[PDB]
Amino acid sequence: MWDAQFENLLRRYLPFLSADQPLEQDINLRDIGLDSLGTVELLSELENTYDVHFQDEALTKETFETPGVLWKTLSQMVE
């Protein structure tokens, strides 16, 4: 259920995923190169773009495990 705006944003922080490879709902983000400081930058970009503040459960490791869970988490905050 995500869109181009979200995926273009995420893919800036996934260095081991090529532009011609699909972004699967359940791909492990850490395995395609999301790491601690990539997450800080991602968070800063998601918060500025969507006018949201990630806090409480939205800052657990589980939030950034897959694009599926991260999209759901961002969605619950934008509405």
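Heads up: residue numbers just count along the shown sequence, starting at 1.
In the PDB entry, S44 places in the middle third of its chain by CA B-factor.
Per the PDB record, residue ranking by Cα B-factor puts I27 in the highest third of the chain. Compared with the other modelled residues of the chain, the Cα B-factor recorded for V78 ranks in the highest third.
Among the modelled residues of its chain, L9 has a C-alpha B-factor that falls in the highest third, as given in the PDB entry.
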